[PDB]
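Note sheet for the following structure.
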Amino acid sequence: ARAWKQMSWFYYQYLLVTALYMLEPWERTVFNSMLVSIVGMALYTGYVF
Amino acid sequence: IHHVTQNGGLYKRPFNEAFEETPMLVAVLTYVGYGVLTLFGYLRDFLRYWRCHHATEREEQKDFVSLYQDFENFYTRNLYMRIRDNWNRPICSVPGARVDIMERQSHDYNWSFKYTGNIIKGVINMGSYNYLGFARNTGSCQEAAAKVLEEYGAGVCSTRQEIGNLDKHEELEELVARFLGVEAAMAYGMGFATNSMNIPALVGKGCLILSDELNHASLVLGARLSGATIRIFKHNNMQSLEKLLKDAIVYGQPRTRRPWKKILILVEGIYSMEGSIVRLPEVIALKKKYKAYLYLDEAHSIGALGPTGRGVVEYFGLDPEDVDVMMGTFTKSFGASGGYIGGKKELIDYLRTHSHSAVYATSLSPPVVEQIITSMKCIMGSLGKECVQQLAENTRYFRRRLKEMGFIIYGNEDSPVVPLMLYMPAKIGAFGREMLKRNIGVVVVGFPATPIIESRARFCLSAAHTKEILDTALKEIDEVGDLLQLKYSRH
Amino acid sequence: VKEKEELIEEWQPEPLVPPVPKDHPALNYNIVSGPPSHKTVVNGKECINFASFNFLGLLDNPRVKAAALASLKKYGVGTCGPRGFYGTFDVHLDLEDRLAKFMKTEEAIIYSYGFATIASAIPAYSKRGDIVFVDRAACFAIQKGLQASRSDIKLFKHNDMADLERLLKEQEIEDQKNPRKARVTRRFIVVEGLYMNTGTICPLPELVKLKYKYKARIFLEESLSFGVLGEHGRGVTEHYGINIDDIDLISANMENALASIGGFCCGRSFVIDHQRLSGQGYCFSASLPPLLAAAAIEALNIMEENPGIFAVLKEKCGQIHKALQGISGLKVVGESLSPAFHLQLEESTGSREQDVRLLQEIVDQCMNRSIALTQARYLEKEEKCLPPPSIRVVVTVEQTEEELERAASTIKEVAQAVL
Amino acid sequence: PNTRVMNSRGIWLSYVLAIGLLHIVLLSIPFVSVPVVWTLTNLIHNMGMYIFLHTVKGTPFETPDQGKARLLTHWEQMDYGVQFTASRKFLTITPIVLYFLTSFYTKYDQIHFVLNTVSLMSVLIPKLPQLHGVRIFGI
Ligand SMILES: *Cc1c(COP(=O)(O)O)cnc(C)c1O
């Protein structure tokens, strides 16, 4: 049960490093999308090779 | 005798300062933290090409050449404005050990604030210049000014070379001269206004000023106002000091090669950021080797160094008669307002004539003179001279305590200011909120007032802090430094 | 060669302080025991004072001294720290609100020092490219921010229209000379509402309408003009009845006619916010001690509860300025409105150093007649436009005219004796 | 304060990995070819190093020198103007290495010569020390 709570700490740890913390969540998801879709394109091209 | 190493700098005690270089992996992550933040600023200001609400330059009958640079206000609205909730919090009590803080918040994302009603009480502070603990509305020390307040009033409406010159002013100027152990002394209105109005009355056009990298906004400004060549040497680098000092004499001006008219040195005792003490006997030994003068700044150092604390000169045990001019303040150990200049009687009399401030600015308020006097009486001999032995105990305890807890601390170990290193800019914005949740208010120091990879937080120790007050704070930090992983040191 | 540098080391600089006395100027710091009240005592000589700047006389009000003592027993004495780093009090917030309310303006900053409130305000705006137009007889506090801000000062003659317009047209020549560079000039105009050194008043409507004709910016520095000029005493803007929002910055200090310490700058919130970030004496010095602040709020309460005090000072100016003119050897070079006279001598001698010493004798004899005056000192080798020696006459509202006219009589007598 | 910003610690190491991220981002694109990945990343890099060095002038913060470098772009104001320093030469060597790997990749083609040279040209031309303050008809 606490593993879902321990996991959000590491996400909170990801908020501090690379300065996601005070980043106005209107803008955070914009960076989250640019975080996902580049890694989402890293998989689809990586499975080719 | 401890060190007489190369320059003749005779040391009595061990020195033991610590400037731990920042780790490789830590430093790279900082630039990413700024790099994402400088990225959205161009994004945000691009969104402002149509219309968090702004100050809105008057349209009514204006729109001349615009007032501000848009780009010079970049960091103040994209890194500062995000996290400006801290270092601005109003307090509503006596800034002693526990401080009542008015609570405020912003639903407009720190663009406009609002007091709710709340008074967060019993908050341990570590960000006030209250070393010897004279910030209290109790005891007989502050009570003496109440007699002075009901008698005199709250300020001369005049100038020192004009009408306004009270007996208290003449008394205090004597009193510091015996305290410093120098010939004569003279008080000024505020400590900032001292250096910005007296240093231009000393040096002139053909002078050369050798100031440190990080003095203050005072000492730079006085060096700008006197038209004089300013040259910067590295922080506590006597080798870099002497290298400039060598070439300053064997050359002259850049344009002509005439000799310099006179030269002098601007150094401080305890540098506020990265709380460290200047290698002073290596300076006294070097200025005698090159006939330079010396301006010294005991703004933090007095009341904090030496037994029955009398600045860094007693802390090195040296004589006051080799420092050509001594300056310190009364806001940062005494709980008062203003500053002095100590020096030779020939020097003081020249500055009682050419002052910029005894001839234009109004002088001190009468009751705060009394708060200075009674505080020096409790030092010279009633919460007296036992607290400086308490603070040095509190300094030396707290300085080893965070070092063994895996934190990273700068400066000399005996320095009461505790610079605690953050590195990430988000770790600035979290830490002030985080400690405030844990009933403690501290001071975090931002980017432009530091270098890039410094971004530190700062603790002001106090003799008013007891052991239980101090150890409770040690408990709270142990969680937060764990919570933010700011355990950067290897030791 | 290595040893040759050692040969240069045998060299002496100048000694630090110069050989101070010209003939013997020691200037004799005049010891005042006790409060410098209306009934004061200087060097053991009881007298009434005429350079103390409590025009409202609020130094001797026990309403004030009761208010500040309450602040003293609950806050302390001094702020241990600057204004950011936990050094901002409620009374600091209350006083900033009150000055905006008293001036009907948006914001008001507070500096901890009456001198560095305009030496630290001007370089926050003009920065090495901008042109500042200075009336050549503003006080020394203005004359240092202009030196700090490395911007080209263009002086113009004192209180004197259309010589300023001579300068403006010369920039209209330069405006059409490089229009890209004239897009980034952002020039300014600095004027003091009532000059400390001349005691005159400047024509603002002849300057406000002049502003839009040449697209400049006006910095008012009403230090003396603050307090008693208007019907409620808001300065020349209440006196001229012109709009507050015409002026880009209004500076003052809480020392003349408020009997407190420090300065403030009130104005529209597009600019007053900006000094919180780059005030250079705002965010680097100790904040204002709170017992001075709560004293100054009550001083605002007294000024707002009783606006009739500003009426009796104006006519009291209108009598000592009237009933002193016509005396030989000197001249009244302050206007009728100004409560700070300048009483410099006509038929000047040669060396000013002697001329001060001649002026010194009148002030010494007058203090023997239990009437205390000043000599209005300056810094000669720095001031960049220095006035001739006057002596200042400062009137309060607690003057009780029957003894005020005694002073005009006893100076009518002793002046011709020295002359 | 923009004079010790490239004279800091590990800024050189972090400058590489930004480009190293930018390539691996550009390497994982579907409808692209392994020559024009290198063609793209030498164009974008030399675009950034022009706009972030030779175009924007002043400081993002406020300078207590009363805006002395208000008319000076970021390259001109490094290390208070002394040119042949330890860090300007690192900033000149690095696009040349980015020119030679993009010379190695794309197999020395003619259009990949033309497009990848004038980016490398227009970045070193302002870095001539005798082109300190001369600005071509603007900025
Ligand atoms: C405190 C500080 C000042 C400012 O003077 P205060 O009136 O005490 O605020 C000037 N110089 C230094 C080094 C300071 O630490």
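Each chain of the structure tokens is named A, B, ... in the order shown, its residues numbered from 1; ligands are numbered from 1 in display order.
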
Within 10 Å of ligand 1, counting only C-alpha atoms and all ligand atoms, residues as a ChimeraX atom specification: /B:129,188-196,214-219,267-273,297-301,327-333,335-339 /C:79-83,112-113,281-288

Contact set, chain D to chain A: 8 Å, only C-alpha atoms, as a list in words: residues 25, 28, 29 and 30 of chain D

Selection above as a file: N, CA and C atoms, as a short mmCIF file (atom, residue, chain, number, x, y, z; two decimals), in the first residue's frame:
```
data_model
loop_
_atom_site.label_atom_id
_atom_site.label_comp_id
_atom_site.auth_asym_id
_atom_site.auth_seq_id
_atom_site.Cartn_x
_atom_site.Cartn_y
_atom_site.Cartn_z
N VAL D 25 17.71 12.99 -29.30
CA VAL D 25 16.35 13.39 -29.65
C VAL D 25 16.18 13.38 -31.16
N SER D 28 16.10 9.83 -32.91
CA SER D 28 14.87 9.03 -32.84
C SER D 28 13.70 9.79 -33.44
N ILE D 29 13.78 10.01 -34.75
CA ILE D 29 12.71 10.60 -35.54
C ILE D 29 12.38 9.60 -36.65
N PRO D 30 11.10 9.30 -36.92
CA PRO D 30 10.78 8.25 -37.91
C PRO D 30 11.14 8.60 -39.35
#
```

Chain D contacts to chain B at 6 Å (only C-alpha atoms) as number ranges by chain: D: 14, 59-62

Computed interatomic separation between atom CA of residue 255 of chain B and atom CA of residue 324 of chain B (Å):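 Straight-line distance from atom CA of residue 255 of chain B to atom CA of residue 324 of chain B works out to 29.3 Å.
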
Counting only C-alpha atoms, which residues of chain C sit at most 8 Å from some atom of chain D, and what is each one's closest atom pair with its distance in Å to one decimal, listed by chain and rising residue number, as JSON lines?
```
{"residue": "C:123", "atom": "CA", "partner": "D:66", "partner_atom": "CA", "distance": 7.5}
{"residue": "C:126", "atom": "CA", "partner": "D:66", "partner_atom": "CA", "distance": 7.9}
{"residue": "C:127", "atom": "CA", "partner": "D:66", "partner_atom": "CA", "distance": 4.6}
{"residue": "C:128", "atom": "CA", "partner": "D:66", "partner_atom": "CA", "distance": 5.9}
{"residue": "C:149", "atom": "CA", "partner": "D:66", "partner_atom": "CA", "distance": 6.2}
{"residue": "C:150", "atom": "CA", "partner": "D:66", "partner_atom": "CA", "distance": 6.7}
{"residue": "C:278", "atom": "CA", "partner": "D:62", "partner_atom": "CA", "distance": 7.7}
```

Backbone DSSP call of strand (DSSP E) for segment 80-294 of chain B, listed as a ChimeraX atom specification: /B:98-105,114-125,184-188,208-211,229-232,263-268,270-271,276-277

Can you write just those residues out, N, CA and C atoms, as a CSV table (one decimal), in the first residue's frame?
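Writing done, so here's selection-v2.csv:
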```
chain,number,residue,atom,x,y,z
B,98,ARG,N,11.9,33.5,19.3
B,98,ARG,CA,10.7,33.0,18.7
B,98,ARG,C,9.9,34.2,18.2
B,99,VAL,N,9.4,34.1,17.0
B,99,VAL,CA,9.0,35.3,16.2
B,99,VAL,C,7.6,35.0,15.7
B,100,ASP,N,6.7,36.0,16.0
B,100,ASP,CA,5.3,35.9,15.5
B,100,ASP,C,5.3,36.4,14.0
B,101,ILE,N,4.8,35.5,13.1
B,101,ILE,CA,4.9,35.8,11.7
B,101,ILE,C,3.4,35.9,11.2
B,102,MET,N,3.1,37.0,10.6
B,102,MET,CA,1.8,37.1,9.9
B,102,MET,C,1.8,36.2,8.7
B,103,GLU,N,0.7,35.5,8.5
B,103,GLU,CA,0.7,34.5,7.4
B,103,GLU,C,0.0,35.2,6.2
B,104,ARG,N,0.5,34.9,5.1
B,104,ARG,CA,0.0,35.4,3.8
B,104,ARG,C,0.1,34.4,2.8
B,105,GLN,N,-0.8,34.5,1.7
B,105,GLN,CA,-0.8,33.6,0.6
B,105,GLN,C,-1.3,34.3,-0.6
B,114,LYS,N,-2.1,38.3,0.1
B,114,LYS,CA,-3.2,38.5,1.0
B,114,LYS,C,-3.0,37.9,2.3
B,115,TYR,N,-3.1,38.7,3.4
B,115,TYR,CA,-3.1,38.3,4.7
B,115,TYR,C,-4.4,37.6,5.0
B,116,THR,N,-4.3,36.4,5.7
B,116,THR,CA,-5.6,35.8,6.1
B,116,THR,C,-6.1,36.5,7.4
B,117,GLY,N,-5.6,36.1,8.5
B,117,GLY,CA,-5.5,36.8,9.7
B,117,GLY,C,-4.4,36.4,10.6
B,118,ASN,N,-3.7,35.3,10.1
B,118,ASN,CA,-3.1,34.4,11.0
B,118,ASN,C,-1.7,34.9,11.5
B,119,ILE,N,-1.4,34.6,12.7
B,119,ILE,CA,-0.2,34.9,13.3
B,119,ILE,C,0.5,33.6,13.8
B,120,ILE,N,1.5,33.2,13.0
B,120,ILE,CA,2.1,31.9,13.3
B,120,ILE,C,3.1,32.2,14.4
B,121,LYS,N,2.9,31.6,15.6
B,121,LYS,CA,3.6,32.1,16.8
B,121,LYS,C,4.7,31.1,17.2
B,122,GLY,N,5.6,31.6,18.0
B,122,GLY,CA,6.7,30.7,18.5
B,122,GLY,C,7.6,30.1,17.4
B,123,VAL,N,7.8,30.9,16.4
B,123,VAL,CA,8.6,30.4,15.2
B,123,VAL,C,10.1,30.7,15.5
B,124,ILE,N,10.9,29.7,15.6
B,124,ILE,CA,12.3,29.9,15.8
B,124,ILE,C,12.9,30.5,14.5
B,125,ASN,N,13.5,31.7,14.6
B,125,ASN,CA,14.2,32.3,13.5
B,125,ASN,C,15.7,32.1,13.5
B,184,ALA,N,39.7,58.4,18.4
B,184,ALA,CA,38.4,59.1,18.4
B,184,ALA,C,37.4,58.3,17.5
B,185,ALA,N,36.2,58.6,17.6
B,185,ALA,CA,35.1,57.9,16.9
B,185,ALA,C,34.0,58.8,16.6
B,186,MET,N,33.2,58.4,15.6
B,186,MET,CA,32.1,59.3,15.2
B,186,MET,C,31.0,58.4,14.6
B,187,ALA,N,29.8,58.6,15.1
B,187,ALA,CA,28.6,57.8,14.7
B,187,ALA,C,27.9,58.5,13.5
B,188,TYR,N,27.2,57.6,12.7
B,188,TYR,CA,26.5,58.1,11.6
B,188,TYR,C,25.1,57.5,11.6
B,208,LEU,N,43.9,54.6,-5.9
B,208,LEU,CA,43.7,53.3,-6.4
B,208,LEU,C,43.2,52.4,-5.2
B,209,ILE,N,42.1,51.7,-5.5
B,209,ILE,CA,41.3,51.0,-4.4
B,209,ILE,C,41.4,49.5,-4.7
B,210,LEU,N,41.8,48.8,-3.7
B,210,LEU,CA,42.0,47.3,-3.9
B,210,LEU,C,40.9,46.7,-3.0
B,211,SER,N,39.8,46.4,-3.6
B,211,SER,CA,38.7,45.8,-2.8
B,211,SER,C,38.5,44.3,-3.1
B,229,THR,N,40.3,54.6,-9.4
B,229,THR,CA,40.4,53.3,-10.1
B,229,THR,C,40.2,52.2,-9.1
B,230,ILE,N,39.3,51.3,-9.5
B,230,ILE,CA,38.9,50.2,-8.6
B,230,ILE,C,39.5,48.9,-9.2
B,231,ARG,N,40.2,48.1,-8.4
B,231,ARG,CA,40.7,46.8,-8.8
B,231,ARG,C,40.3,45.7,-7.8
B,232,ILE,N,39.9,44.6,-8.4
B,232,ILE,CA,39.4,43.5,-7.6
B,232,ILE,C,40.4,42.4,-7.4
B,263,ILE,N,47.0,54.7,-2.1
B,263,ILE,CA,46.2,53.5,-2.4
B,263,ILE,C,45.7,53.0,-1.0
B,264,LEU,N,44.6,52.3,-1.1
B,264,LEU,CA,44.0,51.6,0.1
B,264,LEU,C,43.2,50.4,-0.3
B,265,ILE,N,42.8,49.7,0.8
B,265,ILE,CA,42.2,48.4,0.7
B,265,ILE,C,40.9,48.4,1.4
B,266,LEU,N,39.9,47.8,0.8
B,266,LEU,CA,38.6,47.7,1.4
B,266,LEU,C,38.3,46.2,1.6
B,267,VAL,N,38.3,45.8,2.9
B,267,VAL,CA,38.0,44.5,3.3
B,267,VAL,C,37.1,44.5,4.5
B,268,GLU,N,36.4,43.4,4.6
B,268,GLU,CA,35.4,43.2,5.7
B,268,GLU,C,35.9,42.1,6.7
B,270,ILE,N,33.8,39.8,8.7
B,270,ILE,CA,33.0,38.6,8.5
B,270,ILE,C,32.1,38.9,7.3
B,271,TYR,N,32.4,38.2,6.2
B,271,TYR,CA,31.6,38.3,5.0
B,271,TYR,C,30.3,37.6,5.2
B,276,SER,N,32.8,33.9,6.5
B,276,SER,CA,34.3,33.6,6.6
B,276,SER,C,35.0,34.8,7.1
B,277,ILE,N,36.1,34.6,7.7
B,277,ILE,CA,36.9,35.6,8.3
B,277,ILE,C,38.1,35.9,7.4
```

Sel. of helix (DSSP H, G or I) residues, segment 33-66 of chain D, as number ranges by chain: D: 34-51

Prev. selection, N, CA, C and O atoms, output as an mmCIF file, in the first residue's frame:
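Heads up, here's the output in selection-v4.cif:
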```cif
data_model
loop_
_atom_site.group_PDB
_atom_site.id
_atom_site.type_symbol
_atom_site.label_atom_id
_atom_site.label_comp_id
_atom_site.auth_asym_id
_atom_site.auth_seq_id
_atom_site.Cartn_x
_atom_site.Cartn_y
_atom_site.Cartn_z
ATOM 1 N N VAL D 34 19.721 9.287 -41.520
ATOM 2 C CA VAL D 34 20.947 9.442 -40.742
ATOM 3 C C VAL D 34 21.961 10.425 -41.347
ATOM 4 O O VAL D 34 22.794 10.926 -40.579
ATOM 5 N N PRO D 35 21.978 10.784 -42.649
ATOM 6 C CA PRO D 35 22.744 11.999 -42.977
ATOM 7 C C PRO D 35 22.109 13.274 -42.459
ATOM 8 O O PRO D 35 22.789 14.067 -41.796
ATOM 9 N N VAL D 36 20.815 13.483 -42.685
ATOM 10 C CA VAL D 36 20.242 14.796 -42.429
ATOM 11 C C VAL D 36 19.903 14.973 -40.955
ATOM 12 O O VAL D 36 19.398 16.024 -40.556
ATOM 13 N N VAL D 37 20.163 13.957 -40.138
ATOM 14 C CA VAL D 37 20.218 14.177 -38.699
ATOM 15 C C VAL D 37 21.405 15.057 -38.352
ATOM 16 O O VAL D 37 21.272 16.055 -37.634
ATOM 17 N N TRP D 38 22.575 14.712 -38.887
ATOM 18 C CA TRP D 38 23.770 15.506 -38.650
ATOM 19 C C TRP D 38 23.675 16.862 -39.325
ATOM 20 O O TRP D 38 24.177 17.857 -38.795
ATOM 21 N N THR D 39 23.018 16.923 -40.483
ATOM 22 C CA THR D 39 22.787 18.207 -41.132
ATOM 23 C C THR D 39 21.890 19.091 -40.287
ATOM 24 O O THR D 39 22.120 20.302 -40.187
ATOM 25 N N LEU D 40 20.898 18.493 -39.642
ATOM 26 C CA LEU D 40 19.985 19.261 -38.819
ATOM 27 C C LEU D 40 20.675 19.740 -37.550
ATOM 28 O O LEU D 40 20.545 20.908 -37.175
ATOM 29 N N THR D 41 21.445 18.873 -36.902
ATOM 30 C CA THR D 41 22.009 19.246 -35.618
ATOM 31 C C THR D 41 23.194 20.193 -35.735
ATOM 32 O O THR D 41 23.551 20.822 -34.739
ATOM 33 N N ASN D 42 23.799 20.336 -36.909
ATOM 34 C CA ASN D 42 24.792 21.388 -37.069
ATOM 35 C C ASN D 42 24.142 22.702 -37.450
ATOM 36 O O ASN D 42 24.749 23.766 -37.300
ATOM 37 N N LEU D 43 22.913 22.653 -37.941
ATOM 38 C CA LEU D 43 22.222 23.896 -38.234
ATOM 39 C C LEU D 43 21.637 24.493 -36.964
ATOM 40 O O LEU D 43 21.703 25.710 -36.761
ATOM 41 N N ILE D 44 21.071 23.653 -36.098
ATOM 42 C CA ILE D 44 20.380 24.159 -34.920
ATOM 43 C C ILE D 44 21.376 24.686 -33.905
ATOM 44 O O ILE D 44 21.152 25.730 -33.281
ATOM 45 N N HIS D 45 22.494 23.978 -33.744
ATOM 46 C CA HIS D 45 23.542 24.396 -32.823
ATOM 47 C C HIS D 45 24.109 25.746 -33.199
ATOM 48 O O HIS D 45 24.190 26.647 -32.362
ATOM 49 N N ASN D 46 24.465 25.922 -34.459
ATOM 50 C CA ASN D 46 24.998 27.199 -34.890
ATOM 51 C C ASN D 46 23.924 28.266 -34.990
ATOM 52 O O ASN D 46 24.255 29.448 -35.108
ATOM 53 N N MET D 47 22.651 27.879 -34.958
ATOM 54 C CA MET D 47 21.603 28.874 -34.794
ATOM 55 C C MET D 47 21.520 29.355 -33.356
ATOM 56 O O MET D 47 21.367 30.558 -33.119
ATOM 57 N N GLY D 48 21.624 28.442 -32.398
ATOM 58 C CA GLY D 48 21.576 28.801 -30.999
ATOM 59 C C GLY D 48 22.758 29.645 -30.590
ATOM 60 O O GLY D 48 22.606 30.643 -29.885
ATOM 61 N N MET D 49 23.941 29.294 -31.081
ATOM 62 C CA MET D 49 25.129 29.999 -30.631
ATOM 63 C C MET D 49 25.263 31.358 -31.294
ATOM 64 O O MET D 49 26.117 32.156 -30.896
ATOM 65 N N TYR D 50 24.446 31.646 -32.300
ATOM 66 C CA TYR D 50 24.367 33.017 -32.768
ATOM 67 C C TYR D 50 23.368 33.813 -31.952
ATOM 68 O O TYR D 50 23.679 34.924 -31.508
ATOM 69 N N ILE D 51 22.181 33.252 -31.730
ATOM 70 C CA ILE D 51 21.129 33.976 -31.036
ATOM 71 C C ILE D 51 21.436 34.151 -29.554
ATOM 72 O O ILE D 51 21.080 35.186 -28.978
#
```

Residue list for chain C near chain B as a PyMOL selection string, 6 Å, only C-alpha atoms: chain C and resi 8+13-14+29+31-33+35+52-54+59+73+75-76+78+80-81+84-85+88-89+115+186+259-260+270+285

Neighbour list for residue 241 of chain C as a PyMOL selection string, cut-off 12 Å, only C-alpha atoms, skip fewer than 2 positions in-chain: chain C and resi 204-205+229-239+243-246

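Using only C-alpha atoms, one finds that the residues of chain A close to chain B, at 6 Å or less, are residues 16, 18, 19 and 21 of chain A.
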
Written file, previous selection with C-alpha atoms, as a short mmCIF file (atom, residue, chain, number, x, y, z; two decimals), in the first residue's frame:
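again09.cif, freshly written:
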```
data_model
loop_
_atom_site.label_atom_id
_atom_site.label_comp_id
_atom_site.auth_asym_id
_atom_site.auth_seq_id
_atom_site.Cartn_x
_atom_site.Cartn_y
_atom_site.Cartn_z
CA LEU A 16 12.87 19.19 -7.35
CA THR A 18 15.22 19.75 -13.14
CA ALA A 19 13.05 22.34 -11.35
CA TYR A 21 8.47 22.34 -8.65
#
```

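The interatomic distance for the pair atom CA of residue 321 of chain C and atom CA of residue 408 of chain C works out to 9.5 Å.
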
Contacts of segment 374-381 of chain B within 7 Å, only C-alpha atoms, excl. fewer than 4 positions in-chain, as a ChimeraX atom specification: /B:141,308,334,370,385

Distance of atom CA of residue 60 of chain C from atom CA of residue 319 of chain C, expressed in Å to one decimal place: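 According to the coordinates, atom CA of residue 319 of chain C and atom CA of residue 60 of chain C are separated by 24.2 Å.
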
For segment 100-102 of chain C: contacts at 12 Å, only C-alpha atoms, fewer than 4 positions along chain excluded, given as a VMD selection string: chain C and resid 93 to 96 106 to 110 226 to 227 232 to 235 238 244 250 264 to 269 272 297 299 to 305

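The residue set within 10 Å of residue 73 of chain D, counting only C-alpha atoms and dropping same-chain residues fewer than 4 places from it, reads residues 51, 52, 53, 54, 55, 56, 57, 58, 59, 69, 77, 78, 133 and 139 of chain D.
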
Keeping only N, CA, C and O atoms, take the residues you just selected and write them out as a PDB file, in the first residue's frame.
```
ATOM      1  N   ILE D  51      22.181  33.252 -31.730  1.00  0.00           N
ATOM      2  CA  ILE D  51      21.129  33.976 -31.036  1.00  0.00           C
ATOM      3  C   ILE D  51      21.436  34.151 -29.554  1.00  0.00           C
ATOM      4  O   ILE D  51      21.080  35.186 -28.978  1.00  0.00           O
ATOM      5  N   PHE D  52      22.155  33.216 -28.936  1.00  0.00           N
ATOM      6  CA  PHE D  52      22.435  33.333 -27.518  1.00  0.00           C
ATOM      7  C   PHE D  52      23.765  33.984 -27.224  1.00  0.00           C
ATOM      8  O   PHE D  52      24.095  34.169 -26.052  1.00  0.00           O
ATOM      9  N   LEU D  53      24.539  34.324 -28.238  1.00  0.00           N
ATOM     10  CA  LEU D  53      25.782  35.025 -27.991  1.00  0.00           C
ATOM     11  C   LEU D  53      25.854  36.368 -28.675  1.00  0.00           C
ATOM     12  O   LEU D  53      26.322  37.335 -28.076  1.00  0.00           O
ATOM     13  N   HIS D  54      25.385  36.455 -29.909  1.00  0.00           N
ATOM     14  CA  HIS D  54      25.656  37.614 -30.733  1.00  0.00           C
ATOM     15  C   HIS D  54      24.405  38.406 -31.056  1.00  0.00           C
ATOM     16  O   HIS D  54      24.461  39.334 -31.867  1.00  0.00           O
ATOM     17  N   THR D  55      23.295  38.064 -30.465  1.00  0.00           N
ATOM     18  CA  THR D  55      22.096  38.834 -30.751  1.00  0.00           C
ATOM     19  C   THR D  55      21.525  39.524 -29.527  1.00  0.00           C
ATOM     20  O   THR D  55      21.319  40.739 -29.554  1.00  0.00           O
ATOM     21  N   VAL D  56      21.264  38.783 -28.456  1.00  0.00           N
ATOM     22  CA  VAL D  56      20.681  39.365 -27.254  1.00  0.00           C
ATOM     23  C   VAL D  56      21.780  40.102 -26.495  1.00  0.00           C
ATOM     24  O   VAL D  56      22.890  39.595 -26.320  1.00  0.00           O
ATOM     25  N   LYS D  57      21.488  41.329 -26.099  1.00  0.00           N
ATOM     26  CA  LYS D  57      22.456  42.186 -25.441  1.00  0.00           C
ATOM     27  C   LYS D  57      21.909  42.672 -24.108  1.00  0.00           C
ATOM     28  O   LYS D  57      20.710  42.922 -23.968  1.00  0.00           O
ATOM     29  N   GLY D  58      22.791  42.777 -23.128  1.00  0.00           N
ATOM     30  CA  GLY D  58      22.406  43.110 -21.778  1.00  0.00           C
ATOM     31  C   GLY D  58      22.404  41.897 -20.872  1.00  0.00           C
ATOM     32  O   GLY D  58      23.034  40.874 -21.143  1.00  0.00           O
ATOM     33  N   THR D  59      21.693  42.031 -19.760  1.00  0.00           N
ATOM     34  CA  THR D  59      21.570  40.966 -18.780  1.00  0.00           C
ATOM     35  C   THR D  59      20.105  40.675 -18.515  1.00  0.00           C
ATOM     36  O   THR D  59      19.263  41.574 -18.609  1.00  0.00           O
ATOM     37  N   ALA D  69      26.995  47.419 -20.209  1.00  0.00           N
ATOM     38  CA  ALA D  69      26.874  46.460 -21.291  1.00  0.00           C
ATOM     39  C   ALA D  69      25.450  46.341 -21.799  1.00  0.00           C
ATOM     40  O   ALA D  69      25.047  45.259 -22.236  1.00  0.00           O
ATOM     41  N   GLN D  77      30.879  40.656 -23.919  1.00  0.00           N
ATOM     42  CA  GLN D  77      30.987  40.995 -22.520  1.00  0.00           C
ATOM     43  C   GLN D  77      31.549  39.868 -21.675  1.00  0.00           C
ATOM     44  O   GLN D  77      31.555  39.990 -20.447  1.00  0.00           O
ATOM     45  N   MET D  78      32.003  38.779 -22.281  1.00  0.00           N
ATOM     46  CA  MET D  78      32.582  37.699 -21.500  1.00  0.00           C
ATOM     47  C   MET D  78      33.930  38.113 -20.941  1.00  0.00           C
ATOM     48  O   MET D  78      34.756  38.690 -21.655  1.00  0.00           O
ATOM     49  N   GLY D 133      33.193  45.437 -31.842  1.00  0.00           N
ATOM     50  CA  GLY D 133      32.013  46.255 -31.690  1.00  0.00           C
ATOM     51  C   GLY D 133      31.308  46.677 -32.954  1.00  0.00           C
ATOM     52  O   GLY D 133      30.366  47.471 -32.880  1.00  0.00           O
ATOM     53  N   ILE D 139      21.166  46.504 -34.978  1.00  0.00           N
ATOM     54  CA  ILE D 139      21.371  45.917 -33.648  1.00  0.00           C
ATOM     55  C   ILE D 139      22.556  46.508 -32.878  1.00  0.00           C
ATOM     56  O   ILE D 139      22.922  47.667 -33.069  1.00  0.00           O
TER      57      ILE D 139
END
```

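Nearest to residue 37 of chain C of all the residues C:326, C:418, C:57, C:19 is C:57, based on only C-alpha atoms.
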